[PDB]
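The data block below is coords_5.cif; it holds mmCIF, C-alpha atoms and all ligand atoms.
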data_run
loop_
_atom_site.label_atom_id
_atom_site.label_comp_id
_atom_site.auth_asym_id
_atom_site.auth_seq_id
_atom_site.Cartn_x
_atom_site.Cartn_y
_atom_site.Cartn_z
CA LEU Q 4 -16.25 -4.37 46.54
CA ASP Q 5 -12.86 -5.19 48.04
CA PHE Q 6 -13.63 -8.62 46.62
CA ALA Q 7 -14.26 -7.29 43.09
CA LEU Q 8 -11.09 -5.19 43.29
CA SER Q 9 -8.98 -8.10 44.52
CA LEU Q 10 -10.39 -10.34 41.80
CA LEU Q 11 -9.61 -7.71 39.15
CA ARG Q 12 -6.00 -7.20 40.23
CA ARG Q 13 -5.14 -10.81 40.94
CA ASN Q 14 -7.31 -12.95 38.68
CA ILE Q 15 -8.80 -11.06 35.71
CA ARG Q 16 -6.61 -10.57 32.63
CA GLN Q 17 -6.87 -8.66 29.35
CA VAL Q 18 -6.74 -11.18 26.53
CA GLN Q 19 -6.74 -11.37 22.76
CA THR Q 20 -7.37 -14.35 20.54
CA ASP Q 21 -7.71 -14.31 16.75
CA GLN Q 22 -11.38 -13.51 17.45
CA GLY Q 23 -10.56 -10.24 19.21
CA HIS Q 24 -10.52 -8.86 22.75
CA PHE Q 25 -11.82 -10.81 25.74
CA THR Q 26 -11.71 -10.70 29.53
CA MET Q 27 -10.17 -13.83 31.09
CA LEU Q 28 -10.64 -15.24 34.59
CA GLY Q 29 -7.73 -17.23 35.95
CA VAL Q 30 -9.21 -19.63 38.50
CA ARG Q 31 -6.35 -21.65 39.95
CA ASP Q 32 -2.83 -22.78 39.07
CA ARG Q 33 -2.57 -22.44 35.29
CA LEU Q 34 -6.27 -22.92 34.62
CA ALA Q 35 -8.29 -20.04 33.21
CA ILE Q 36 -11.65 -19.69 31.49
CA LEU Q 37 -12.78 -18.02 28.26
CA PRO Q 38 -16.04 -17.84 26.33
CA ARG Q 39 -16.21 -20.73 23.85
CA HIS Q 40 -16.59 -18.37 20.89
CA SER Q 41 -13.20 -16.77 21.59
CA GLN Q 42 -11.71 -19.97 20.13
CA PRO Q 43 -8.35 -19.79 21.98
CA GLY Q 44 -6.82 -22.56 19.85
CA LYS Q 45 -3.06 -23.11 20.29
CA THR Q 46 -1.94 -19.76 21.70
CA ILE Q 47 -3.36 -16.58 23.20
CA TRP Q 48 -2.05 -13.14 24.13
CA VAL Q 49 -2.37 -12.25 27.79
CA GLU Q 50 -1.64 -8.56 28.31
CA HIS Q 51 0.22 -8.68 24.97
CA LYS Q 52 2.35 -11.65 26.05
CA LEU Q 53 2.16 -14.65 23.70
CA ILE Q 54 1.35 -17.78 25.70
CA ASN Q 55 0.99 -21.40 24.59
CA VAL Q 56 -2.36 -23.02 25.28
CA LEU Q 57 -1.60 -26.55 26.47
CA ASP Q 58 -5.22 -27.70 26.43
CA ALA Q 59 -8.59 -26.16 25.60
CA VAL Q 60 -11.72 -27.94 26.82
CA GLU Q 61 -15.12 -26.82 25.54
CA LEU Q 62 -17.57 -27.56 28.35
CA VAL Q 63 -20.85 -29.31 27.56
CA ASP Q 64 -23.63 -30.67 29.76
CA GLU Q 65 -24.70 -34.29 30.30
CA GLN Q 66 -26.31 -34.34 26.85
CA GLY Q 67 -23.42 -32.63 25.08
CA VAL Q 68 -25.23 -29.31 24.88
CA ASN Q 69 -22.93 -26.29 24.57
CA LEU Q 70 -22.22 -24.38 27.78
CA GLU Q 71 -20.23 -21.71 25.90
CA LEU Q 72 -17.22 -22.03 28.20
CA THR Q 73 -13.69 -23.10 27.34
CA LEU Q 74 -11.26 -24.14 30.05
CA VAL Q 75 -7.70 -23.36 29.04
CA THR Q 76 -4.49 -24.59 30.60
CA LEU Q 77 -1.78 -22.00 30.04
CA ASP Q 78 1.89 -22.77 29.45
CA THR Q 79 3.19 -20.56 32.25
CA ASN Q 80 5.11 -20.92 35.52
CA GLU Q 81 3.00 -18.33 37.32
CA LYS Q 82 0.00 -19.63 39.29
CA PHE Q 83 -3.33 -17.87 39.63
CA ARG Q 84 -4.46 -17.18 43.19
CA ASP Q 85 -7.00 -19.93 43.84
CA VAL Q 86 -10.50 -18.47 43.71
CA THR Q 87 -12.44 -21.74 43.62
CA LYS Q 88 -13.76 -21.03 47.14
CA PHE Q 89 -15.69 -18.06 45.71
CA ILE Q 90 -17.41 -20.14 43.03
CA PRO Q 91 -20.77 -21.66 44.07
CA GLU Q 92 -21.26 -25.42 43.77
CA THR Q 93 -24.63 -24.84 42.13
CA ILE Q 94 -25.38 -22.24 39.46
CA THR Q 95 -26.87 -19.31 41.36
CA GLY Q 96 -28.43 -15.99 40.44
CA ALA Q 97 -27.84 -12.76 42.34
CA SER Q 98 -29.62 -9.52 43.25
CA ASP Q 99 -27.05 -6.77 42.64
CA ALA Q 100 -24.31 -8.16 40.41
CA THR Q 101 -21.30 -6.35 39.00
CA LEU Q 102 -19.91 -7.35 35.61
CA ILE Q 103 -16.13 -7.02 35.67
CA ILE Q 104 -14.66 -6.28 32.25
CA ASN Q 105 -10.94 -6.09 31.57
CA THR Q 106 -9.62 -5.75 28.02
CA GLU Q 107 -7.22 -3.40 26.29
CA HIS Q 108 -10.23 -1.46 25.01
CA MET Q 109 -12.28 -1.68 28.21
CA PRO Q 110 -9.65 -1.78 30.99
CA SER Q 111 -10.66 -2.28 34.64
CA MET Q 112 -14.37 -1.71 34.05
CA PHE Q 113 -17.06 -2.41 36.66
CA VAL Q 114 -20.57 -2.62 35.19
CA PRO Q 115 -23.57 -2.73 37.56
CA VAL Q 116 -25.96 -5.01 35.67
CA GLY Q 117 -28.48 -5.34 38.50
CA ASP Q 118 -30.34 -8.62 39.01
CA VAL Q 119 -28.99 -11.87 37.58
CA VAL Q 120 -31.67 -14.51 37.13
CA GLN Q 121 -31.85 -18.08 35.82
CA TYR Q 122 -32.62 -18.19 32.09
CA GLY Q 123 -31.70 -21.69 30.95
CA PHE Q 124 -31.85 -22.46 27.25
CA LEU Q 125 -30.39 -19.83 24.95
CA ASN Q 126 -30.19 -20.03 21.16
CA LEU Q 127 -26.99 -18.02 20.97
CA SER Q 128 -26.35 -17.09 17.33
CA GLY Q 129 -27.92 -20.38 16.26
CA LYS Q 130 -26.06 -22.46 18.84
CA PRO Q 131 -28.14 -24.25 21.51
CA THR Q 132 -26.75 -23.24 24.89
CA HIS Q 133 -27.64 -24.30 28.45
CA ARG Q 134 -27.17 -23.11 32.03
CA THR Q 135 -27.33 -19.42 31.14
CA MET Q 136 -28.51 -16.57 33.36
CA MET Q 137 -29.81 -13.17 32.29
CA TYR Q 138 -29.48 -9.53 33.34
CA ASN Q 139 -31.49 -6.57 32.06
CA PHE Q 140 -28.45 -4.50 31.17
CA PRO Q 141 -27.33 -3.37 27.70
CA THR Q 142 -24.09 -5.35 27.43
CA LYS Q 143 -22.05 -4.79 24.29
CA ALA Q 144 -19.51 -6.31 21.93
CA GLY Q 145 -16.11 -6.58 23.62
CA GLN Q 146 -17.52 -7.53 27.03
CA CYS Q 147 -17.47 -11.31 26.58
CA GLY Q 148 -15.42 -13.18 29.16
CA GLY Q 149 -16.44 -10.53 31.66
CA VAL Q 150 -16.82 -11.86 35.17
CA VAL Q 151 -20.27 -11.68 36.79
CA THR Q 152 -19.84 -11.20 40.52
CA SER Q 153 -22.13 -10.72 43.50
CA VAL Q 154 -21.62 -10.50 47.28
CA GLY Q 155 -18.28 -12.34 47.38
CA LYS Q 156 -19.20 -14.88 44.70
CA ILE Q 157 -18.13 -15.51 41.10
CA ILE Q 158 -21.36 -16.65 39.46
CA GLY Q 159 -20.94 -16.32 35.68
CA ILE Q 160 -18.96 -15.43 32.55
CA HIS Q 161 -20.47 -13.05 29.98
CA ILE Q 162 -21.23 -14.72 26.64
CA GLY Q 163 -23.90 -12.76 24.76
CA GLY Q 164 -26.77 -10.30 24.50
CA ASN Q 165 -29.53 -8.93 22.28
CA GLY Q 166 -29.14 -5.21 22.94
CA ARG Q 167 -31.32 -4.76 26.01
CA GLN Q 168 -30.24 -7.87 27.89
CA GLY Q 169 -27.02 -9.68 28.70
CA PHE Q 170 -26.43 -13.40 29.21
CA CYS Q 171 -23.72 -15.31 31.06
CA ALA Q 172 -22.75 -18.94 31.30
CA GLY Q 173 -23.32 -19.89 34.94
CA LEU Q 174 -20.36 -21.23 36.90
CA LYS Q 175 -20.18 -24.34 39.07
CA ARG Q 176 -17.14 -25.03 41.24
CA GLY Q 177 -17.14 -28.58 39.87
CA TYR Q 178 -16.06 -27.30 36.45
CA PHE Q 179 -12.63 -26.62 37.89
CA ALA Q 180 -11.85 -29.86 39.70
CA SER Q 181 -8.40 -31.38 39.29
CA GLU Q 182 -9.42 -34.17 36.93
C1 LIG D 201 -19.10 -10.86 23.20
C2 LIG D 201 -18.13 -11.31 22.11
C3 LIG D 201 -17.95 -10.33 20.96
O1 LIG D 201 -17.85 -9.11 21.21
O2 LIG D 201 -18.03 -10.73 19.72
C4 LIG D 201 -17.87 -9.79 18.66
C5 LIG D 201 -17.76 -10.32 17.23
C6 LIG D 201 -20.53 -10.67 22.76
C7 LIG D 201 -21.30 -9.71 23.66
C8 LIG D 201 -22.64 -9.22 23.15
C9 LIG D 201 -22.93 -8.69 21.73
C10 LIG D 201 -24.21 -7.85 21.85
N1 LIG D 201 -24.31 -7.47 23.28
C11 LIG D 201 -23.71 -8.56 24.05
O3 LIG D 201 -23.85 -8.79 25.42
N2 LIG D 201 -21.21 -11.94 22.48
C12 LIG D 201 -21.65 -12.29 21.11
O4 LIG D 201 -21.60 -11.47 20.21
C13 LIG D 201 -22.09 -13.76 20.80
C14 LIG D 201 -23.42 -13.84 20.04
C15 LIG D 201 -24.56 -12.91 20.57
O5 LIG D 201 -24.43 -12.33 21.64
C16 LIG D 201 -25.90 -12.76 19.79
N3 LIG D 201 -27.04 -12.81 20.68
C17 LIG D 201 -28.07 -13.83 20.56
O6 LIG D 201 -27.97 -14.73 19.74
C18 LIG D 201 -29.27 -13.75 21.49
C19 LIG D 201 -30.39 -14.54 21.49
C20 LIG D 201 -31.23 -14.11 22.54
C21 LIG D 201 -32.58 -14.69 22.92
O7 LIG D 201 -30.59 -13.01 23.19
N4 LIG D 201 -29.40 -12.78 22.56
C22 LIG D 201 -25.93 -11.56 18.86
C23 LIG D 201 -24.59 -11.11 18.36
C24 LIG D 201 -26.98 -11.65 17.79
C25 LIG D 201 -20.98 -14.59 20.18
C26 LIG D 201 -21.29 -16.01 19.82
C27 LIG D 201 -21.52 -16.95 20.87
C28 LIG D 201 -21.82 -18.30 20.55
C29 LIG D 201 -21.90 -18.69 19.22
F1 LIG D 201 -22.17 -19.96 18.92
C30 LIG D 201 -21.66 -17.71 18.13
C31 LIG D 201 -21.36 -16.41 18.44
NA NA D 202 -5.17 -18.39 19.56
#
Show how you would write the structure in this file as structure tokens.
Amino acid sequence: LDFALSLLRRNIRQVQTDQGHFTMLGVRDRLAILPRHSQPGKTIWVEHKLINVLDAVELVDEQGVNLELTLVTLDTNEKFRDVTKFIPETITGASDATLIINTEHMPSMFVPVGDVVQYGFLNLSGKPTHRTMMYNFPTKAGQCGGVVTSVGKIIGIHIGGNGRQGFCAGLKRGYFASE
């Protein structure tokens, strides 16, 4: 838990884009990650502070299939505490995960979602998506960007759900390499 708490305080920010409220994980330096559908564009608000987005990269797999993740570089002089060490090299499930949500509307929220298991292909609102995992928990609107954590590991970012189940984009440490 001390891990989840530390991650919340130091790395997980309340964010708004023109698409609404999202949770945002800052990973290292000025690099953070949002769900693709948040469409960060040119600027975002972080805790109500307007920040330029210097680059927004929509991640896709070897075949160009959507991974539903957007890496953003933020025009700021502050650096995120480097949490790459806590991100697995290979997309991994987990047995007792906690979904960390942090928005203006759902501030500092820890959601026990239980087991996180490999799912794979997801037709998310008509958009082919790969490398997803699933949890049998009723996730809701406003929880996208939420950080899926397990015993000291950051394993996923919440991207969708169908009412009974939630789905995250799995994380690989390689996503966050310096070029
Ligand atoms: C988070 C973002 C948000 O709140 O958007 C509000 C306008 C949100 C969380 C979930 C909504 C329901 N419970 C959730 O965990 N994510 C979304 O709304 C995306 C789309 C979906 O989640 C859809 N789910 C499915 O398509 C689906 C399919 C299967 C087998 O299981 N679930 C529903 C809303 C129908 C946002 C999104 C992502 C990617 C896109 F290309 C378009 C839209
Ligand atoms: Na924006």
Top pick for closest residue to ligand NA 202 (chain D), considering Q:38, Q:53, Q:5, Q:31 and counting all atoms listed in the file: Q:53
How close does each residue of chain Q get to ligand NA 202 (chain D), giving the shortest atom pair and distance in Å to one decimal for every residue with an atom at most 8 Å away, counting only C-alpha atoms and all ligand atoms, sorted by chain and residue number, as CSV?
residue,atom,partner,partner_atom,distance
Q:19,CA,D:NA202,NA,7.9
Q:20,CA,D:NA202,NA,4.7
Q:21,CA,D:NA202,NA,5.6
Q:42,CA,D:NA202,NA,6.8
Q:43,CA,D:NA202,NA,4.2
Q:44,CA,D:NA202,NA,4.5
Q:45,CA,D:NA202,NA,5.2
Q:46,CA,D:NA202,NA,4.1
Q:47,CA,D:NA202,NA,4.4
Q:48,CA,D:NA202,NA,7.6
Q:56,CA,D:NA202,NA,7.9
Let me have the centre and edge lengths of the axis-aligned box enclosing all listed atoms of ligand LIG 201 (chain D) with 6 Å padding on every side, in Å to one decimal, as AutoDock Vina command-line options.
--center_x -25.2 --center_y -13.7 --center_z 21.3 --size_x 26.8 --size_y 24.5 --size_z 20.2
Site check for ligand LIG 201 (chain D): residues at most 9 Å away, all atoms listed in the file, as a ChimeraX atom specification: /Q:22-25,38-41,69,71,124-132,140-149,161-171
Distance criterion (all atoms listed in the file): nearest to residue 103 in chain Q out of Q:74, Q:116, Q:36, Q:136: Q:116
Distance query range 87-98 of chain Q at most 10 Å, only C-alpha atoms, self and fewer than 2 positions along chain excluded, as a PyMOL selection string: chain Q and resi 6+30-31+84-85+100-101+116-122+134-138+151-159+172-180
Limited to C-alpha atoms, could you put the picked residues into a file as a PDB file, in the coordinates of the input?
ATOM      1  CA  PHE Q   6     -13.630  -8.620  46.620  1.00  0.00           C
ATOM      2  CA  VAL Q  30      -9.210 -19.630  38.500  1.00  0.00           C
ATOM      3  CA  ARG Q  31      -6.350 -21.650  39.950  1.00  0.00           C
ATOM      4  CA  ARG Q  84      -4.460 -17.180  43.190  1.00  0.00           C
ATOM      5  CA  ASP Q  85      -7.000 -19.930  43.840  1.00  0.00           C
ATOM      6  CA  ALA Q 100     -24.310  -8.160  40.410  1.00  0.00           C
ATOM      7  CA  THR Q 101     -21.300  -6.350  39.000  1.00  0.00           C
ATOM      8  CA  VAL Q 116     -25.960  -5.010  35.670  1.00  0.00           C
ATOM      9  CA  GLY Q 117     -28.480  -5.340  38.500  1.00  0.00           C
ATOM     10  CA  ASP Q 118     -30.340  -8.620  39.010  1.00  0.00           C
ATOM     11  CA  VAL Q 119     -28.990 -11.870  37.580  1.00  0.00           C
ATOM     12  CA  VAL Q 120     -31.670 -14.510  37.130  1.00  0.00           C
ATOM     13  CA  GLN Q 121     -31.850 -18.080  35.820  1.00  0.00           C
ATOM     14  CA  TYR Q 122     -32.620 -18.190  32.090  1.00  0.00           C
ATOM     15  CA  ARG Q 134     -27.170 -23.110  32.030  1.00  0.00           C
ATOM     16  CA  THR Q 135     -27.330 -19.420  31.140  1.00  0.00           C
ATOM     17  CA  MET Q 136     -28.510 -16.570  33.360  1.00  0.00           C
ATOM     18  CA  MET Q 137     -29.810 -13.170  32.290  1.00  0.00           C
ATOM     19  CA  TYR Q 138     -29.480  -9.530  33.340  1.00  0.00           C
ATOM     20  CA  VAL Q 151     -20.270 -11.680  36.790  1.00  0.00           C
ATOM     21  CA  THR Q 152     -19.840 -11.200  40.520  1.00  0.00           C
ATOM     22  CA  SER Q 153     -22.130 -10.720  43.500  1.00  0.00           C
ATOM     23  CA  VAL Q 154     -21.620 -10.500  47.280  1.00  0.00           C
ATOM     24  CA  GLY Q 155     -18.280 -12.340  47.380  1.00  0.00           C
ATOM     25  CA  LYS Q 156     -19.200 -14.880  44.700  1.00  0.00           C
ATOM     26  CA  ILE Q 157     -18.130 -15.510  41.100  1.00  0.00           C
ATOM     27  CA  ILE Q 158     -21.360 -16.650  39.460  1.00  0.00           C
ATOM     28  CA  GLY Q 159     -20.940 -16.320  35.680  1.00  0.00           C
ATOM     29  CA  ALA Q 172     -22.750 -18.940  31.300  1.00  0.00           C
ATOM     30  CA  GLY Q 173     -23.320 -19.890  34.940  1.00  0.00           C
ATOM     31  CA  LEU Q 174     -20.360 -21.230  36.900  1.00  0.00           C
ATOM     32  CA  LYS Q 175     -20.180 -24.340  39.070  1.00  0.00           C
ATOM     33  CA  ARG Q 176     -17.140 -25.030  41.240  1.00  0.00           C
ATOM     34  CA  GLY Q 177     -17.140 -28.580  39.870  1.00  0.00           C
ATOM     35  CA  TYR Q 178     -16.060 -27.300  36.450  1.00  0.00           C
ATOM     36  CA  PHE Q 179     -12.630 -26.620  37.890  1.00  0.00           C
ATOM     37  CA  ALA Q 180     -11.850 -29.860  39.700  1.00  0.00           C
TER      38      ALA Q 180
END
Atomic separation - CA of residue 34 in chain Q relative to CA of residue 109 in chain Q, Å: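 CA of residue 34 in chain Q lies 23.0 Å from CA of residue 109 in chain Q.
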Counting only C-alpha atoms, the residue of Q:181, Q:133, Q:99, Q:123 that sits nearest residue 76 in chain Q: Q:181
Length of the CA of residue 73 in chain Q to CA of residue 115 in chain Q vector [Å]: 24.8 Å
Selection near residue 78 in chain Q, 7 Å with all atoms listed in the file, sequence-local residues under 4 positions removed, as a list in words: residues 54, 55, 56 and 57 of chain Q
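You will find CA of residue 107 in chain Q at 10.2 Å from CA of residue 49 in chain Q.
Closest approach to residue 13 in chain Q from the set Q:150, Q:60, Q:75, Q:28 is made by Q:28, with distances taken over all atoms listed in the file.
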